[PDB]
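**Student:** Sharing an experimental structure here, sequence included.
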Amino acid sequence: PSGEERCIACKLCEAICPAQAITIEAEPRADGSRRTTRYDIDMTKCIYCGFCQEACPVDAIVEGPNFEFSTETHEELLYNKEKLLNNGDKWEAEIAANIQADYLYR
Amino acid sequence: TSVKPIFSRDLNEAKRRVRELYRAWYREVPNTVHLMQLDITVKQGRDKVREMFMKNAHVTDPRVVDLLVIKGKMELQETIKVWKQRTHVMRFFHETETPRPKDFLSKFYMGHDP
Amino acid sequence: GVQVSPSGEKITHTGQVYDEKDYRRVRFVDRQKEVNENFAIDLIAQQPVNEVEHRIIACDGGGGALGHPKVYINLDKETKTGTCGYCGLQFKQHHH
Amino acid sequence: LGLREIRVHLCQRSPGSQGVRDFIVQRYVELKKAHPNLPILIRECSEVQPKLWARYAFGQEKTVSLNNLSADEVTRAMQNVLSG
Amino acid sequence: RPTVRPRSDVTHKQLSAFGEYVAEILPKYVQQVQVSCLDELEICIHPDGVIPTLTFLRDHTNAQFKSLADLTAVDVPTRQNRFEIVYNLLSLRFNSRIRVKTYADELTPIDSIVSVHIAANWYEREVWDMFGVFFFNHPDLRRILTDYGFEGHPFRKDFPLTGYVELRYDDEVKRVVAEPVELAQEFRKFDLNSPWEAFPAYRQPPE
Amino acid sequence: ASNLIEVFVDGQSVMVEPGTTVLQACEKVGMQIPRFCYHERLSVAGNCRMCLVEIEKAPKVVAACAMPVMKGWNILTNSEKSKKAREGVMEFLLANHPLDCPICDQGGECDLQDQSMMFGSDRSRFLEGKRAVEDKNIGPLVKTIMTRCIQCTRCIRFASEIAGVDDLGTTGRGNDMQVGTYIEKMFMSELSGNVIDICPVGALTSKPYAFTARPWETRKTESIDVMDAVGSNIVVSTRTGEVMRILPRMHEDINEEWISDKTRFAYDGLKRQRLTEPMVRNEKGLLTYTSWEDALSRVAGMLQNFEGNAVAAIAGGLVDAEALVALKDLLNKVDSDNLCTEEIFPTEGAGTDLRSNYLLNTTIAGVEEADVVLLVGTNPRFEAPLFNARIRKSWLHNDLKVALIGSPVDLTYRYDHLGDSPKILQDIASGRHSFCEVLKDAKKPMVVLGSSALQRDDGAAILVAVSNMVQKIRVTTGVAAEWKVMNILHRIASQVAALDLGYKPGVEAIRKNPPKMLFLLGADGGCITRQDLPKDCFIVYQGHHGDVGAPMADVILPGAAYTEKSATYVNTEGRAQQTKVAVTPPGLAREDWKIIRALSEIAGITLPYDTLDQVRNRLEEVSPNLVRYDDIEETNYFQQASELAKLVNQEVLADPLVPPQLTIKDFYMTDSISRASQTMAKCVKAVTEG
Amino acid sequence: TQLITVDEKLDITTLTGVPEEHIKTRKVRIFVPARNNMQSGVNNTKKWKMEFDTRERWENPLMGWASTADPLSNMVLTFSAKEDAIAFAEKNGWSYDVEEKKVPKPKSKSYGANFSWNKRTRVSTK
Amino acid sequence: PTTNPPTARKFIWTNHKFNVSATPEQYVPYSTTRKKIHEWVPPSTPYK
Ligand code: SF4
Ligand code: SF4
Ligand code: SF4
Ligand code: SF4
Ligand code: FES
Ligand SMILES: [K+]
Ligand SMILES: [Zn+2]
């Protein structure tokens, strides 16, 4: 809620990713926080299994409700950190409500 | 020393099986070129068959020669049928890829490869 | 805060801008290079410092299980504020 | 033509390199006095044959195998390499 | 203990008795008989006795294993005979399962059991296609799962995960052509092995 | 069974020496007892209590790391009592351990995590608040997050015994007990990343390797080390074609378990100031990028233009045996013998000829089994930190007597400073000294002459004086003639290999006969420049870093780094070792011997090797010990070398010889990679700042 | 009647289907992997690994990924014995470099040396 | 979301964007890397 990114560059979502669809290059930031520089998710390689969102210890990566994101080129489905943060900023009004409705089961 | 043969006691009947397989391939090449609309000629296909036999022609173990004969018979069977297509039978020619040169100057000019 | 390179393209929160002579800008020709405007470093820099009373303060992300793992920060150094490693929240001991 | 380098490859514990070891231990020093500008590289290894290499002007190397040779014949081979 | 399975020592004892029975009926071929703690009976035989062992287990009166469940191979490329051929057999009469193991190398074929079970036709075709284990007296032994011009046996341990060739459409020749494989990602192997042993029951004696 | 006692573990019946601990007996059978504070190269602490095991018919569990087995004991390692003890100790550690695992650095490298998963429980009964400890600022290399320290004192024991700085310790009592320095202390010594190695938790992590990778990500390539002539074995941890970390390996005869700070943190220089394309001088006189064809064509044209003595080569520190024999073969084919090294070795007497004349003849195990060590003209702490570490280990355990001739430098151990003058060598050889009576009371003498001492003008005089002293020592003591005395401590990775291959050491041949075409195989030392060189002289620089030898070169050929080529390096002991390819060289850079061979064939030199194995065969036929990898095969004929030196007549200089490495700030930057790394810049800044 | 005398070296490289480049121009390394110095556990040793020489891993122009060109990059093979690994490498026809197992040396350990009366092993901190 | 509006945050997009494929405002991938390697700069002064 402060606006700080939740991801802490811990890479265990790409460790558990059964398709090896995530790439999490990282370095210390200017203020010394442990953040990512490259967070790529290949949506053409991802199998949409939610293992990343159930492995993430800070609820950083989520699989929100958008499914109508079909593209006309292969390259547009090769997401990077800017695209993923834009999706998080776009769908936060729905993702937060779903996590509120769901987190007691998980 | 003291191994179990699979078809051939020694190299002579292994070479006999090789000659039988080569005769079968040599006879089947014109029918393959006629049936599957191949760009190549009959001479090119028979030269390719000879090239494959030659690139396998350095082994002196009877079991390995017998297994090569068996695999060649399987390949010949799927060429006798049209199980292999034009793409499958033209994969032997490598018409697309550029061969890596055999000289140190070229292999030094491009790539860190021996 | 997004900045603009002398080439013209925007600079991301990890400054990675293509150079003048880098050919990989045809991918942005007739298209756009999208940069997330909300820089997390600035957004957490503009957050106020929490004044607490104890020597050790526990941090979540703001929820019981919706936040991060519950850590403890030791505010013994009066010179610098203690920052939790997961969030970027800073805490200072109210020693008065 | 023109000797540039001598290399003597030998073994520390071998009956075949015994003459080479005796040659080095008894008349290498006078040889280095005689040629105090000629590199005579002595290399001892575990399981090598006694070998002598004579490197000349434009990279020509003459190789002499000298296993099971005595001190007189190894120093005669060395004088043959030096003279010609 | 609500988190641990029950044991069934009764069926462990039954499988041990039947293992003794088969091992004394066929001493010419049986090399080892073991029963696991999961109550599964494994009989490891010489490769020459595949046909008599499988025939005995197909139609013996006390051992009616007329249904062949599985026929597979395991590549262990550190033993001399690098392929372990495994038959999982089902007894509907006695409601039991048995496992029969034999070994092979790249140049030692095994007699096919198509004359005993007809499912062994396709199962041995798959074993030959994936491991290169030839089968004697197999009707139309050939590839079943690989591509038609495929070279090598991909389920072997020394075969790469991505293979050696890949296919793409080429517009110059107007074909689907094969090229040497070039990955844009390079599958990242992970060393997910803890340096601390987990099971002291399987601690091997030192060399 | 003379002095062997039978002890049982799980019924097995292993024989052990008296004084063997329970943990050592269990690992001799094959079982690794859990531990946190025990380290096999550190003193026994016995405080982590993770190694508690049950002895049969004994009501109290014993600490396996400290308890010696007596007789007929039956160690029940997997008993219920032992498992309960391990669970309790793991629970007590994880009660106050902070849950920082994702933001930590011991992801798959955590002994606490792994031993928790293997021996601890699966839950926590701790319903209280965890403690927190303020962090320290111990240096630019070791980042301290001391909240996750488990108070195991391993860093304290290391810094007291091996590093020997005595700056770390415990302040406080009870749960408030803290590890570190009480004051704001800048813990900066050589061998100081080994606390990052030995810290089982992520309390002491690597600041340059801050958050970049994970152990399951990292591919491990086992290689050797350069920029130190010890030749310590390392592991390069790369990921996605990029060098991420340098860890040590385990070689009991070279570096044991640890490496030095320069080799641990100097990998940052491999991505700065890197030659990536061939370059040639322009018509305006500036270096501009070109292709391999044009660059090697220019070099081949000038090589065909010039005859024998007009072509010369100088080889620097980070040069492999393959490239050295390649350039030697090329210059010999154009009839040039001017194949010089960067640093000087005296050629008088049997200089490069007899291999015993320039080697550490008694090895590092020789330092282990010696009793008196006389260091002449060296600072081993900065010239060869692993060698000095072994000297301190022998000084601690075997009661080694260490004396130093030269400048009084802060070696960690306490030594007898015999003075700072080379006349002490003649004084000892004649016999006038307290150290002379120490030597005549001694049994295993070992003298170590510095290559830095050989770098002086009177290098030949120093070498003959040392050799004469060795002869006097050997005739005074009753040495067994399988024990060597004379040793020479090199500081350059390429030097021993070059001397074995037959390079004339030092650039004095270049000074005597100035060439017109010059080759610089990474020659960044600045020994030869355009002032003492003639007008054009056609300099080509084959190297990986552009530091000193590149801006003065007519052409620049980008070679490979030691992490980028599979190469051969020979250490001070004379042991040849092989490094493997961790990553490929960047840009258009190629392997060095490949560059030389392609140059010869663009020219007219038929080099008889085509692949790396053929280069190794050439190395074997030049000197057949550069292919005996990890072989320590002995030399001889030191009597012959000594009497040749005694024939050589020189007078020693009356100058007090000082090492160039007087302080750690001088230690941190030595070669091109160290000068190019920003981490070493931060190190020298932290050392020089107040 | 079923035994024949064969004096070859058990060459199966014509049957493995590997291209001749990845047979001839390849160097495998046979080794017990070194203990990871960040941990004290030794279970990752004691198995002989065979690996291949590392080839070029370059950078993808589009995404910056690590692209490769050789298939035998992640080819860790596990063997229970050095001779088994040597035999497998010779059978598949790869040139090999084998290095010996580096066991740690047995060391004398005594807790009472930390409190010596005259030796230098006396520590100043527990 | 008229009786139960979502939680308002400053970083949430105030304006929604539909699928922007095959438009000038579409998404193009990068490599946020900062090049990881710095080559060299030869000096501008000729020779010494
Ligand atoms: S949902 Fe996709 S990105 Fe996440 S772990 Fe599964 S395959 Fe990987
Ligand atoms: S998204 Fe979550 S699991 Fe993945 S690296 Fe970031 S914090 Fe770790
Ligand atoms: S040291 Fe180990 S247990 Fe502690 S936070 Fe780090 S990974 Fe977790
Ligand atoms: S900092 Fe690490 S090595 Fe030192 S006492 Fe704490 S846990 Fe042990
Ligand atoms: S290992 Fe023995 S108490 Fe720590
Ligand atoms: K650590
Ligand atoms: Zn927080």
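**Tutor:** Cool, got the structure. Numbering: from 1, shown residues only, chains lettered A, B, ... in the order given. Ligands and ions are numbered 1, 2, ... in the order given.
**Student:** Name all residues that make contact with the residue in chain A that chain C sits nearest to.
**Tutor:** In chain A, the residue that lies nearest chain C is residue A:3 (3.0 Å; CB to the nearest CB). For the C-beta atoms, the positions are set from N, CA and C on the backbone; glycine is no exception. The neighbours of residue A:3, taking CB atoms under 8 Å, 6 or more residues apart in numbering or on different chains as the test, are C:38, C:40, C:43, C:44, C:47, H:9, H:10, H:11.
**Student:** where along the chain do the helices fall?
**Tutor:** I'll assume chain A. Using DSSP state H, the helices of chain A run over A:12-16, A:51-55, A:81-90, A:92-102.
**Student:** my question was about chain E
**Tutor:** In chain E, the segments counted as helices under DSSP H are E:9-25, E:50-58, E:120-131.
**Student:** just chain C next, same as before
**Tutor:** C:40-45.
**Student:** All the strands of it, residue numbers only.
**Tutor:** C:3-4, C:10-11, C:50-52, C:56-59, C:71-74, C:82-83, C:90-93 (DSSP state E).
**Student:** nearest to ligand 7, of the helices of chain A?
**Tutor:** helix A:92-102 (17.6 Å; CB to the ion).
**Student:** For residue B:90, see how far away the residue of chain B found nearest chain A is.
**Tutor:** In chain B, the residue that lies nearest chain A is residue B:96 (21.9 Å; CB to the nearest CB). Distance, residue B:96 to residue B:90, by CB to CB, to the nearest Å: 10 Å.
**Student:** Same question for residue G:6.
**Tutor:** Separation of residue G:6 from residue B:90 (CB to CB) stands at 37 Å.
**Student:** Same question for residue A:60.
**Tutor:** Distance from residue A:60 to residue B:90, by CB to CB: 50 Å.
**Student:** Tell me who's in contact with the most centrally placed residue in chain H.
**Tutor:** Chain H has residue H:30 as the residue nearest its centroid, 7.9 Å off, counting by CA atoms, centre = their mean. Counting by CB under 8 Å, 6+ apart, residue H:30 touches A:80, A:82, C:12, C:16, C:33, G:63, G:64.
**Student:** okay but the first one is in contact with residue A:38, surely?
**Tutor:** Yes. Counting by CB atoms under 8 Å, a contact exists between residue A:80 and residue A:38, whose distance comes to 7.1 Å.
**Student:** anything in contact with each of the two?
**Tutor:** Common neighbours of residue A:80 and residue A:38 (criterion: CB under 8 Å, 6+ apart): residue H:32.
**Student:** What is the neighbour count of the closest residue to residue F:31 other than its chain neighbours?
**Tutor:** Excluding its sequence neighbours, the residue lying closest to residue F:31 (CB to CB, 6 or more residues apart in numbering or on different chains) is residue F:77, at 5.4 Å. Counted with other CB atoms under 10 Å in any protein chain shown, the neighbours of residue F:77 add up to 21.
**Student:** Also the one 3 residues further on?
**Tutor:** The local packing of residue F:80 (other CB under 10 Å) involves 9 other residues.
**Student:** ok, now residue C:79?
**Tutor:** If you count neighbours by other CB under 10 Å, residue C:79 ends up with 4.
**Student:** How much space separates it from residue C:4?
**Tutor:** 37 Å.
**Student:** which bits of chain E sit near chain F?
**Tutor:** E:186, E:188-192, E:194-198, E:200, E:203-206 (CB under 8 Å from any CB of the partner chain).
**Student:** 10 Å - rerun?
**Tutor:** Residues of chain E found near chain F (CB under 10 Å from any CB of the partner chain) are E:185-186, E:188-201, E:203-207.
**Student:** Just the buried ones from those residues, in PyMOL syntax?
**Tutor:** To isolate the buried members of the residues of chain E next to chain F in PyMOL, using 16 or more other CB atoms under 10 Å in any protein chain shown:
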select buried, chain E and resi 185+186+188+190+194+195+196+197+203
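**Student:** so which of the residues of chain E next to chain F also contact chain G?
**Tutor:** Okay, of those touching chain G (CB under 10 Å from any CB), that's E:185-186, E:188-191, E:193-198, E:203-204, E:206-207.
**Student:** and of these, the nearest to residue F:335?
**Tutor:** residue E:186 (47.4 Å; CB to CB).
**Student:** Over to the closest one: give its phi and psi.
**Tutor:** Dihedral pair for residue E:186: phi 60, psi 80, per degrees, to the nearest 10.
**Student:** cool, residue F:205 as well?
**Tutor:** Here is the backbone geometry of residue F:205 (degrees, to the nearest 10): phi -110, psi 170.
**Student:** For it, give me its contacts.
**Tutor:** Counting by CB atoms under 10 Å, 6 or more residues apart in numbering or on different chains, residue F:205 touches F:104, F:105, F:106, F:142, F:143, F:144, F:145, F:148, F:196, F:199, F:211.
**Student:** likewise residue D:2?
**Tutor:** D:56, D:57, D:58, D:60, F:335.
**Student:** just the residues you listed now: which is nearest residue H:5?
**Tutor:** Nearest to residue H:5 among the contacts of residue D:2 is residue F:335, at 89.8 Å by CB to CB.
**Student:** which residue sits closest to that closest one, ignoring its sequence neighbours?
**Tutor:** Nearest one to residue F:335, counting by CB to CB, 6+ apart, is residue F:308 at 3.5 Å.
**Student:** Shouldn't the one you found be within a strand?
**Tutor:** No. Read with DSSP: H, G, I helix; E, B strand; the rest coil, residue F:308 is coil and lies in no strand.
**Student:** That one and residue F:334: what is the separation?
**Tutor:** 6 Å.
**Student:** ok, these two, which is more surrounded?
**Tutor:** residue F:334 (20 against 16).
**Student:** Can you name the residues that contact the more buried one?
**Tutor:** Residue F:334 neighbours (CB under 10 Å, 6+ apart): D:58-59, F:303-304, F:306-308, F:310-311, F:517, F:600, F:603-605.
**Student:** Check which helix or strand residue G:55 maps to.
**Tutor:** Remark: residue G:55 resides in no helix or strand, with elements defined by DSSP states H and E.
**Student:** Which residue comes closest to whichever residue of chain B sits closest to ligand 2 once chain neighbours are left out?
**Tutor:** Relative to ligand 2, the nearest point of chain B is residue B:112 (32.9 Å; CB to the nearest ligand atom). Nearest-residue entry for residue B:112: residue F:584, 5.2 Å, with adjacent residues in sequence omitted and distances by CB to CB, 6+ apart.
**Student:** give me phi/psi at residue F:81?
**Tutor:** Torsion angles, degrees, to the nearest 10, at residue F:81: phi -60, psi -40.
**Student:** residue contacts, the spatially most central residue of chain A?
**Tutor:** Central residue of chain A (CA atoms, centre = their mean): residue A:61, 3.2 Å from the mean position. Contacts for residue A:61 (CB under 10 Å, 6+ apart) come out as A:6-7, A:13-14, A:17, A:22, A:24, A:39, A:41, A:50, A:52-55, A:84, A:88.
**Student:** Produce a PyMOL select command limited to the buried residues of these.
**Tutor:** A single PyMOL command is used to select the members of those judged buried by 16+ other CB under 10 Å:
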select buried, chain A and resi 6+7+13+14+17+22+24+39+41+52+53+84+88
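**Student:** Before I go, just wanted to say thanks for your time.
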